[PDB]
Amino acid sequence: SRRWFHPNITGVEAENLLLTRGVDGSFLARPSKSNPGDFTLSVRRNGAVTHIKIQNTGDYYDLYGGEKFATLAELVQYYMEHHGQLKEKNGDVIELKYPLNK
């Protein structure tokens, strides 16, 4: 809820936050700048930053598949609790460990 959502940053700003103020497993949510008005989950993993698309249909949030949520907070909580569901193309597990606040 609230704190880990950063409304006024770009993708590069998000990376700099994660790469200088967070650790491996840190993440935040932010508005998509290339797909308005969707959302992006920027996650730091292995010294790099992966950006994940969140679909906002106006009725629910999801990741273009899987469970559908009323709010962003429910989506994030779900994917923190269900560790191991989110994977890269090679099979690398995307881990949502530490929300980066403010």
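Heads up: residue numbers just count along the shown sequence, starting at 1. We call the rigid core whatever largest set of C-alpha positions still superposes within 1.5 Å between the two forms.
Comparing 58-66 with 24-32 in 6 other deposited structures of this protein, after superposition on the rigid core, the stretch with the greater RMS C-alpha deviation is 58-66. Looking at mean Cα B-factors across 35-43 and 56-64, the upper value is held by 56-64.
For the segment pair 85-93 and 15-23, the entry gives 85-93 the higher mean B-factor, averaged over Cα atoms. When all modelled residues of the chain are sorted by CA temperature factor, residue 70 is found within the highest third. Among all modelled residues in this chain, the alpha-carbon of residue 98 has a temperature factor (C-alpha) in the lowest third.
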